[PDB]
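Take a look at the structure set out below.
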Amino acid sequence: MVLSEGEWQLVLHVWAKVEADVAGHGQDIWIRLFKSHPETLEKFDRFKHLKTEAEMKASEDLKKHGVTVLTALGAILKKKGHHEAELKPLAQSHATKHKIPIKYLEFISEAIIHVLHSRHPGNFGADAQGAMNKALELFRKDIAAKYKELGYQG
Ligand code: HEM
């Protein structure tokens with residue numbers, strides 16, 4: 001797929017608000033994911049033991065990890081499609097070490113969209129959401145392709 005410059009602009013416009021509080025957005029997203037699709041929490045030997053939302057909120061480790069994830073994703077979005085180098089190390093670890101199915105990347109995509117919709121209604125109307133969804137689909141398609149080359153696909 002290819003986004004237009006206008007679609008990238010909508011994406012990087014909301015993302016700039018997200019970057020006002022990276023750790024707080026990281027928290028909401030992971031907590032949204034873990035509550036909605038609890039099976040995803042099983043992938044983290046680090047976080048598996050967390051029983052409640054209150055425990056998740058209070059985990060300093062989880063908050064650091066959310067900042068690591070959103071900074072990696074932010075660096076990809078700012079490439080505006082030219083993200084091949086960034087994608088390589090991320091595809092290799094998630095396919096080969098962590099073993100994360102494309103399905104789970106769809107689930108977190110959903111969690112990111114939910115959280116931007118709640119926090120940023122003014123900057124996340126239908127068009128901006130359409131553009132963010134396009135950007136994350138692009139991300140998933142390219143990652144899926146890399147999975148396949150690395151011998152995991154799926
Ligand atoms: C927007 C999508 C994602 C991004 C950009 C991302 C990024 C990262 C980064 C940058 C790291 C640290 C370096 C590395 O191991 O590659 C990491 C580690 C990890 N990621 Fe992700 N990730 C994403 C989605 C997911 C999902 C959906 C799962 C599982 C449901 C997953 C599970 C893990 C695991 C298990 C680790 C290791 C955590 C640890 O013990 O430190 N990732 N991820």
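Chains: A, B, ... in order of the structure tokens. Residues: from 1 per chain. Ligands: from 1, in order shown.
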
Cut-off 6 Å: closest chain A/ligand 1 atom pairs per residue, using only C-alpha atoms and all ligand atoms, as a tab-separated table:
```
residue	atom	partner	partner_atom_place_in_ligand_line	distance
A:40	CA	ligand 1	30 (C)	4.2
A:43	CA	ligand 1	35 (C)	5.2
A:44	CA	ligand 1	35 (C)	4.4
A:46	CA	ligand 1	40 (O)	5.2
A:68	CA	ligand 1	10 (C)	5.5
A:69	CA	ligand 1	7 (C)	4.3
A:72	CA	ligand 1	5 (C)	5.1
A:73	CA	ligand 1	5 (C)	4.4
A:90	CA	ligand 1	16 (O)	4.9
A:93	CA	ligand 1	16 (O)	4.9
A:98	CA	ligand 1	35 (C)	4.9
A:100	CA	ligand 1	29 (C)	5.6
A:104	CA	ligand 1	27 (C)	4.8
A:105	CA	ligand 1	27 (C)	4.5
A:108	CA	ligand 1	27 (C)	5.4
```

Okay, now the selection with N, CA and C atoms, as an mmCIF file, in the first residue's frame?
```
data_model
loop_
_atom_site.group_PDB
_atom_site.id
_atom_site.type_symbol
_atom_site.label_atom_id
_atom_site.label_comp_id
_atom_site.auth_asym_id
_atom_site.auth_seq_id
_atom_site.Cartn_x
_atom_site.Cartn_y
_atom_site.Cartn_z
ATOM 1 N N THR A 40 -2.746 -12.371 25.248
ATOM 2 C CA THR A 40 -1.519 -11.686 24.875
ATOM 3 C C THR A 40 -0.561 -11.535 26.069
ATOM 4 N N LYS A 43 2.367 -13.958 26.604
ATOM 5 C CA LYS A 43 3.614 -13.876 25.855
ATOM 6 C C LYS A 43 4.759 -13.230 26.620
ATOM 7 N N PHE A 44 4.444 -12.588 27.732
ATOM 8 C CA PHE A 44 5.427 -11.835 28.492
ATOM 9 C C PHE A 44 5.757 -12.566 29.772
ATOM 10 N N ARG A 46 7.845 -11.646 31.678
ATOM 11 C CA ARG A 46 8.052 -10.510 32.563
ATOM 12 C C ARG A 46 6.757 -10.083 33.276
ATOM 13 N N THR A 68 9.470 2.050 25.598
ATOM 14 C CA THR A 68 10.274 1.394 24.562
ATOM 15 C C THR A 68 9.495 1.042 23.258
ATOM 16 N N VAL A 69 8.314 0.458 23.422
ATOM 17 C CA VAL A 69 7.427 0.112 22.304
ATOM 18 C C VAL A 69 6.972 1.353 21.529
ATOM 19 N N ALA A 72 9.773 2.931 19.518
ATOM 20 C CA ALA A 72 10.102 2.158 18.312
ATOM 21 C C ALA A 72 9.060 2.393 17.200
ATOM 22 N N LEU A 73 7.779 2.358 17.571
ATOM 23 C CA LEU A 73 6.671 2.595 16.642
ATOM 24 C C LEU A 73 6.674 4.021 16.089
ATOM 25 N N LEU A 90 13.138 -5.765 14.349
ATOM 26 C CA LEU A 90 11.879 -5.910 15.061
ATOM 27 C C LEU A 90 11.152 -7.186 14.620
ATOM 28 N N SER A 93 13.271 -10.353 16.111
ATOM 29 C CA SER A 93 13.009 -10.691 17.506
ATOM 30 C C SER A 93 11.562 -11.151 17.725
ATOM 31 N N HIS A 98 10.371 -13.966 20.466
ATOM 32 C CA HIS A 98 9.159 -13.803 21.255
ATOM 33 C C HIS A 98 8.018 -14.622 20.699
ATOM 34 N N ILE A 100 5.450 -13.904 18.094
ATOM 35 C CA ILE A 100 4.259 -13.091 18.188
ATOM 36 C C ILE A 100 3.512 -13.213 16.872
ATOM 37 N N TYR A 104 -1.836 -10.963 16.963
ATOM 38 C CA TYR A 104 -1.563 -10.102 18.134
ATOM 39 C C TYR A 104 -1.171 -8.662 17.784
ATOM 40 N N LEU A 105 -0.558 -8.477 16.616
ATOM 41 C CA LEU A 105 -0.226 -7.151 16.118
ATOM 42 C C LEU A 105 -1.491 -6.452 15.628
ATOM 43 N N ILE A 108 -3.013 -5.213 19.072
ATOM 44 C CA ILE A 108 -2.473 -3.982 19.634
ATOM 45 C C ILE A 108 -2.824 -2.768 18.741
#
```

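Of the listed residues (A:29, A:67, A:128, A:116), A:116 comes nearest to residue 17 of chain A; the distances count only C-alpha atoms.
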
Give the helix (DSSP H, G or I) residues of segment 56-114 of chain A, as DSSP finds them on the backbone, and put them as a PDB file with N, CA and C atoms, in the first residue's frame.
```pdb
ATOM      1  N   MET A  56      -1.205  -3.656  37.041  1.00  0.00           N
ATOM      2  CA  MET A  56      -0.604  -3.211  35.784  1.00  0.00           C
ATOM      3  C   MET A  56      -0.246  -1.728  35.834  1.00  0.00           C
ATOM      4  N   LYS A  57      -1.162  -0.900  36.355  1.00  0.00           N
ATOM      5  CA  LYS A  57      -0.900   0.518  36.501  1.00  0.00           C
ATOM      6  C   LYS A  57       0.293   0.749  37.374  1.00  0.00           C
ATOM      7  N   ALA A  58       0.458  -0.063  38.404  1.00  0.00           N
ATOM      8  CA  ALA A  58       1.509   0.208  39.362  1.00  0.00           C
ATOM      9  C   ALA A  58       2.866  -0.364  38.930  1.00  0.00           C
ATOM     10  N   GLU A  60       6.216  -0.493  37.309  1.00  0.00           N
ATOM     11  CA  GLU A  60       7.137   0.467  36.748  1.00  0.00           C
ATOM     12  C   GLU A  60       7.808  -0.149  35.529  1.00  0.00           C
ATOM     13  N   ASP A  61       7.997  -1.461  35.572  1.00  0.00           N
ATOM     14  CA  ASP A  61       8.572  -2.207  34.454  1.00  0.00           C
ATOM     15  C   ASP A  61       7.695  -2.107  33.202  1.00  0.00           C
ATOM     16  N   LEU A  62       6.398  -2.367  33.398  1.00  0.00           N
ATOM     17  CA  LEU A  62       5.431  -2.267  32.309  1.00  0.00           C
ATOM     18  C   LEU A  62       5.434  -0.850  31.716  1.00  0.00           C
ATOM     19  N   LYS A  63       5.494   0.163  32.581  1.00  0.00           N
ATOM     20  CA  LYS A  63       5.524   1.512  32.072  1.00  0.00           C
ATOM     21  C   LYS A  63       6.800   1.746  31.239  1.00  0.00           C
ATOM     22  N   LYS A  64       7.950   1.216  31.674  1.00  0.00           N
ATOM     23  CA  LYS A  64       9.178   1.440  30.906  1.00  0.00           C
ATOM     24  C   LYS A  64       9.043   0.761  29.552  1.00  0.00           C
ATOM     25  N   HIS A  65       8.473  -0.439  29.566  1.00  0.00           N
ATOM     26  CA  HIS A  65       8.349  -1.226  28.349  1.00  0.00           C
ATOM     27  C   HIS A  65       7.429  -0.518  27.372  1.00  0.00           C
ATOM     28  N   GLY A  66       6.388   0.151  27.871  1.00  0.00           N
ATOM     29  CA  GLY A  66       5.483   0.854  26.978  1.00  0.00           C
ATOM     30  C   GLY A  66       6.193   1.989  26.276  1.00  0.00           C
ATOM     31  N   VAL A  67       7.101   2.647  26.984  1.00  0.00           N
ATOM     32  CA  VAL A  67       7.893   3.724  26.393  1.00  0.00           C
ATOM     33  C   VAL A  67       8.844   3.190  25.325  1.00  0.00           C
ATOM     34  N   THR A  68       9.470   2.050  25.598  1.00  0.00           N
ATOM     35  CA  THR A  68      10.274   1.394  24.562  1.00  0.00           C
ATOM     36  C   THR A  68       9.495   1.042  23.258  1.00  0.00           C
ATOM     37  N   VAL A  69       8.314   0.458  23.422  1.00  0.00           N
ATOM     38  CA  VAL A  69       7.427   0.112  22.304  1.00  0.00           C
ATOM     39  C   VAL A  69       6.972   1.353  21.529  1.00  0.00           C
ATOM     40  N   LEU A  70       6.479   2.369  22.238  1.00  0.00           N
ATOM     41  CA  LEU A  70       5.954   3.507  21.499  1.00  0.00           C
ATOM     42  C   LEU A  70       7.049   4.345  20.822  1.00  0.00           C
ATOM     43  N   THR A  71       8.241   4.378  21.394  1.00  0.00           N
ATOM     44  CA  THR A  71       9.371   5.031  20.748  1.00  0.00           C
ATOM     45  C   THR A  71       9.777   4.261  19.477  1.00  0.00           C
ATOM     46  N   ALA A  72       9.773   2.931  19.518  1.00  0.00           N
ATOM     47  CA  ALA A  72      10.102   2.158  18.312  1.00  0.00           C
ATOM     48  C   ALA A  72       9.060   2.393  17.200  1.00  0.00           C
ATOM     49  N   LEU A  73       7.779   2.358  17.571  1.00  0.00           N
ATOM     50  CA  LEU A  73       6.671   2.595  16.642  1.00  0.00           C
ATOM     51  C   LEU A  73       6.674   4.021  16.089  1.00  0.00           C
ATOM     52  N   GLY A  74       6.878   4.990  16.977  1.00  0.00           N
ATOM     53  CA  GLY A  74       7.079   6.370  16.558  1.00  0.00           C
ATOM     54  C   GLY A  74       8.171   6.545  15.511  1.00  0.00           C
ATOM     55  N   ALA A  75       9.311   5.883  15.689  1.00  0.00           N
ATOM     56  CA  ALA A  75      10.420   6.027  14.723  1.00  0.00           C
ATOM     57  C   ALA A  75      10.020   5.422  13.346  1.00  0.00           C
ATOM     58  N   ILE A  76       9.155   4.413  13.376  1.00  0.00           N
ATOM     59  CA  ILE A  76       8.709   3.798  12.144  1.00  0.00           C
ATOM     60  C   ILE A  76       7.752   4.719  11.404  1.00  0.00           C
ATOM     61  N   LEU A  77       6.734   5.220  12.122  1.00  0.00           N
ATOM     62  CA  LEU A  77       5.753   6.168  11.542  1.00  0.00           C
ATOM     63  C   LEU A  77       6.418   7.401  10.917  1.00  0.00           C
ATOM     64  N   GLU A  84      12.089   0.153   6.092  1.00  0.00           N
ATOM     65  CA  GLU A  84      12.716  -1.157   5.914  1.00  0.00           C
ATOM     66  C   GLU A  84      13.831  -1.481   6.958  1.00  0.00           C
ATOM     67  N   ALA A  85      14.737  -0.553   7.207  1.00  0.00           N
ATOM     68  CA  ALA A  85      15.805  -0.879   8.136  1.00  0.00           C
ATOM     69  C   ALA A  85      15.283  -1.056   9.536  1.00  0.00           C
ATOM     70  N   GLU A  86      14.333  -0.218   9.945  1.00  0.00           N
ATOM     71  CA  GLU A  86      13.789  -0.271  11.321  1.00  0.00           C
ATOM     72  C   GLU A  86      13.054  -1.586  11.510  1.00  0.00           C
ATOM     73  N   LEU A  87      12.452  -2.068  10.432  1.00  0.00           N
ATOM     74  CA  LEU A  87      11.581  -3.227  10.522  1.00  0.00           C
ATOM     75  C   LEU A  87      12.349  -4.529  10.778  1.00  0.00           C
ATOM     76  N   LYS A  88      13.551  -4.626  10.226  1.00  0.00           N
ATOM     77  CA  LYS A  88      14.335  -5.855  10.248  1.00  0.00           C
ATOM     78  C   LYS A  88      14.597  -6.447  11.643  1.00  0.00           C
ATOM     79  N   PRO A  89      15.173  -5.648  12.557  1.00  0.00           N
ATOM     80  CA  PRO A  89      15.489  -6.180  13.886  1.00  0.00           C
ATOM     81  C   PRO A  89      14.214  -6.478  14.687  1.00  0.00           C
ATOM     82  N   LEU A  90      13.138  -5.765  14.349  1.00  0.00           N
ATOM     83  CA  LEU A  90      11.879  -5.910  15.061  1.00  0.00           C
ATOM     84  C   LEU A  90      11.152  -7.186  14.620  1.00  0.00           C
ATOM     85  N   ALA A  91      11.163  -7.453  13.318  1.00  0.00           N
ATOM     86  CA  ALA A  91      10.629  -8.693  12.748  1.00  0.00           C
ATOM     87  C   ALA A  91      11.389  -9.920  13.260  1.00  0.00           C
ATOM     88  N   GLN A  92      12.707  -9.787  13.389  1.00  0.00           N
ATOM     89  CA  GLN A  92      13.532 -10.949  13.756  1.00  0.00           C
ATOM     90  C   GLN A  92      13.270 -11.339  15.201  1.00  0.00           C
ATOM     91  N   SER A  93      13.271 -10.353  16.111  1.00  0.00           N
ATOM     92  CA  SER A  93      13.009 -10.691  17.506  1.00  0.00           C
ATOM     93  C   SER A  93      11.562 -11.151  17.725  1.00  0.00           C
ATOM     94  N   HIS A  94      10.584 -10.504  17.089  1.00  0.00           N
ATOM     95  CA  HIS A  94       9.199 -10.886  17.364  1.00  0.00           C
ATOM     96  C   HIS A  94       8.840 -12.221  16.681  1.00  0.00           C
ATOM     97  N   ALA A  95       9.485 -12.541  15.562  1.00  0.00           N
ATOM     98  CA  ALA A  95       9.216 -13.847  14.922  1.00  0.00           C
ATOM     99  C   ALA A  95       9.974 -14.986  15.668  1.00  0.00           C
ATOM    100  N   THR A  96      11.248 -14.753  15.981  1.00  0.00           N
ATOM    101  CA  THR A  96      12.151 -15.854  16.324  1.00  0.00           C
ATOM    102  C   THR A  96      12.316 -16.006  17.824  1.00  0.00           C
ATOM    103  N   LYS A  97      12.394 -14.885  18.541  1.00  0.00           N
ATOM    104  CA  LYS A  97      12.520 -14.965  19.979  1.00  0.00           C
ATOM    105  C   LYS A  97      11.186 -14.985  20.702  1.00  0.00           C
ATOM    106  N   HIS A  98      10.371 -13.966  20.466  1.00  0.00           N
ATOM    107  CA  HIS A  98       9.159 -13.803  21.255  1.00  0.00           C
ATOM    108  C   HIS A  98       8.018 -14.622  20.699  1.00  0.00           C
ATOM    109  N   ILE A 102       0.822 -12.533  13.833  1.00  0.00           N
ATOM    110  CA  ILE A 102       0.316 -11.318  13.220  1.00  0.00           C
ATOM    111  C   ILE A 102      -1.020 -10.923  13.851  1.00  0.00           C
ATOM    112  N   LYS A 103      -1.781 -11.915  14.283  1.00  0.00           N
ATOM    113  CA  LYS A 103      -3.050 -11.705  14.968  1.00  0.00           C
ATOM    114  C   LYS A 103      -2.875 -10.744  16.165  1.00  0.00           C
ATOM    115  N   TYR A 104      -1.836 -10.963  16.963  1.00  0.00           N
ATOM    116  CA  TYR A 104      -1.563 -10.102  18.134  1.00  0.00           C
ATOM    117  C   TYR A 104      -1.171  -8.662  17.784  1.00  0.00           C
ATOM    118  N   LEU A 105      -0.558  -8.477  16.616  1.00  0.00           N
ATOM    119  CA  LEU A 105      -0.226  -7.151  16.118  1.00  0.00           C
ATOM    120  C   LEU A 105      -1.491  -6.452  15.628  1.00  0.00           C
ATOM    121  N   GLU A 106      -2.465  -7.234  15.172  1.00  0.00           N
ATOM    122  CA  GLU A 106      -3.787  -6.685  14.890  1.00  0.00           C
ATOM    123  C   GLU A 106      -4.454  -6.229  16.179  1.00  0.00           C
ATOM    124  N   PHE A 107      -4.366  -7.044  17.234  1.00  0.00           N
ATOM    125  CA  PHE A 107      -4.937  -6.686  18.538  1.00  0.00           C
ATOM    126  C   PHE A 107      -4.333  -5.391  19.123  1.00  0.00           C
ATOM    127  N   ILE A 108      -3.013  -5.213  19.072  1.00  0.00           N
ATOM    128  CA  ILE A 108      -2.473  -3.982  19.634  1.00  0.00           C
ATOM    129  C   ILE A 108      -2.824  -2.768  18.741  1.00  0.00           C
ATOM    130  N   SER A 109      -2.983  -2.986  17.441  1.00  0.00           N
ATOM    131  CA  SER A 109      -3.381  -1.930  16.515  1.00  0.00           C
ATOM    132  C   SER A 109      -4.729  -1.349  16.946  1.00  0.00           C
ATOM    133  N   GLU A 110      -5.625  -2.264  17.330  1.00  0.00           N
ATOM    134  CA  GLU A 110      -6.951  -1.988  17.854  1.00  0.00           C
ATOM    135  C   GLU A 110      -6.860  -1.207  19.162  1.00  0.00           C
ATOM    136  N   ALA A 111      -5.952  -1.628  20.043  1.00  0.00           N
ATOM    137  CA  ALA A 111      -5.744  -0.934  21.311  1.00  0.00           C
ATOM    138  C   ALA A 111      -5.178   0.495  21.122  1.00  0.00           C
ATOM    139  N   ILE A 112      -4.311   0.677  20.128  1.00  0.00           N
ATOM    140  CA  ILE A 112      -3.762   2.017  19.856  1.00  0.00           C
ATOM    141  C   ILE A 112      -4.869   2.962  19.345  1.00  0.00           C
ATOM    142  N   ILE A 113      -5.672   2.456  18.421  1.00  0.00           N
ATOM    143  CA  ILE A 113      -6.789   3.224  17.878  1.00  0.00           C
ATOM    144  C   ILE A 113      -7.838   3.579  18.961  1.00  0.00           C
ATOM    145  N   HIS A 114      -8.107   2.666  19.885  1.00  0.00           N
ATOM    146  CA  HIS A 114      -9.088   2.916  20.949  1.00  0.00           C
ATOM    147  C   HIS A 114      -8.583   4.063  21.842  1.00  0.00           C
TER     148      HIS A 114
END
```

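For the pair atom CA of residue 144 of chain A and atom CA of residue 1 of chain A, the interatomic distance is 13.5 Å.
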
Between A:38, A:81, A:154, A:24, which one has atoms that come closest to residue 99 of chain A, using only C-alpha atoms?
A:154

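The space between atom CA of residue 131 of chain A and atom CA of residue 7 of chain A spans 5.1 Å.
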
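If you measure from each of A:151, A:28, A:82, A:36 to residue 54 of chain A using only C-alpha atoms, the closest one turns out to be A:28.
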
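Among the candidates A:138, A:147, A:49, A:115, the one nearest to residue 18 of chain A when counting only C-alpha atoms is A:115.
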
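Nearest to residue 143 of chain A of all the residues A:121, A:101, A:14, A:5 is A:101, counting only C-alpha atoms.
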